[PDB]
């Protein structure tokens, strides 16, 4: 139903980007730690514009995740419920059926987190800043970003990041360039 290459890809985003308190289950608590994190890193005025965008955007993502994975409606999402969902999404993308709104919010949230500069491109400096903070070493944020940017001849616009994003979550092709989007496997 789901190859290990995809499973393993799919749990990294869980254990490394969602379970921000490292307790086995995604819940809103994890989203607060993340909000705090990005708030600080990018030095946002604590209740100003970006911080509040980030918080009301992550309320939607939780609510989306909540609604599309929480089988028992217990306000927490286990890896089982997390894989169980992502399988549907893979079918979905493969079978044409596009992703639910909250996915496109998460996807673009990650982009906007990176693109502090505002120019709708992610230069290398922006990529290393974010993903190092997540505890990926710098010999990867630099390693991977060259896989993602093809040496730097390709600008990494919002569209490019979407393609890469997609390949990360659903491509079973263990040679696909987007498989390095969250670092190196």
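Numbering follows the first chain given and starts at 1.
Comparing the deposited coordinates for 18-26 and 169-177, the stretch with the larger average C-alpha B-factor is 169-177.
Relative to one another, 77-85 and 90-98 have unequal mean CA B-factors, and 90-98 is the one with the higher figure. Taking only the listed residues 69, 56, 144, 35, the entry reports the highest CA temperature factor at 144. Ranked by Cα temperature factor within the chain, residue 159 sits in the middle third according to the deposited record.
Compared with the other modelled residues of the chain, the Cα B-factor recorded for residue 122 ranks in the middle third. Residue-level temperature factors show residue 65 in the lowest third of its chain, judged at the C-alpha atom.
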